[PDB]
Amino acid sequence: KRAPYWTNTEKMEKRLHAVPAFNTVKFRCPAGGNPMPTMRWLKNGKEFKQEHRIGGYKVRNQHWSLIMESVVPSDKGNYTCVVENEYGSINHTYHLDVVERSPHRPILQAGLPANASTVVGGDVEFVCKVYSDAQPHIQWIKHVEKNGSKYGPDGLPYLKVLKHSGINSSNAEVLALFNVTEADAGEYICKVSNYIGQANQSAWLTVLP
């Protein structure tokens, strides 16, 4: 006869478990004892109940494990396995973190950049706001004329990159124009790209004489 004890502590060295949402998480606590100990789980120090999450959870007493399907942010917390028998009790707590994320092209906030105006010699700025998981790359572009035309052989517009994300550039999401001239007038584009795809929105600059 004996109080509970861990049979495989190696699988318990990993303290923090951080996972992307919608994946299945499994926690284990292989144990021994005589008589065979029973197993129960706590979520944040309190009894873990089937109604504590949509769909509840599952367990495999053969594997001393807790299984939570399609996890979401709200599942974040501490999970404790409690192993008991008439002679004693032992426990172990894991921490779970759930982050939602997926490969989607950038999404821009509607309305930005916004149109702008100012007199010759004045200053102005264009702003762009981005939502993107995979690191986004921002280029500020102006539609220009190259060799006598606004559009090339492919019908597409001639573009000049004025600024783009980089350690040699500051404040990627804002394009500030200073001591403007009637030549700066035109269409400015905020093009944001990640490896999945791109997005872009534009605004105009009007120069008053």
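Sequential numbering from 1, following the sequence displayed.
- When the C-alpha B-factors of 74 to 82 and 116 to 124 are averaged, 116 to 124 comes out higher.
- Of the two stretches examined, 19 to 27 and 5 to 13, the record assigns the greater average C-alpha temperature factor to 5 to 13.
- The entry lists C-alpha B-factors for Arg101, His95, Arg105, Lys129, and the highest of these is at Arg101.
- Across the residues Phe48, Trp140, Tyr57, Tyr151, the deposited record lists the maximum Cα B factor for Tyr151.
- Remark: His164 belongs to the middle third of its chain, ranked by C-alpha B-factor as recorded.
- Per the deposited record, the Cα B-factor of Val180 falls in the highest third when ranked against the other modelled residues of its chain.
- When the CA B factors of the chain's modelled residues are split into thirds, the value for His63 lands in the highest one.
- Residue-level temperature factors show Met39 in the middle third of its chain, judged at the C-alpha atom.
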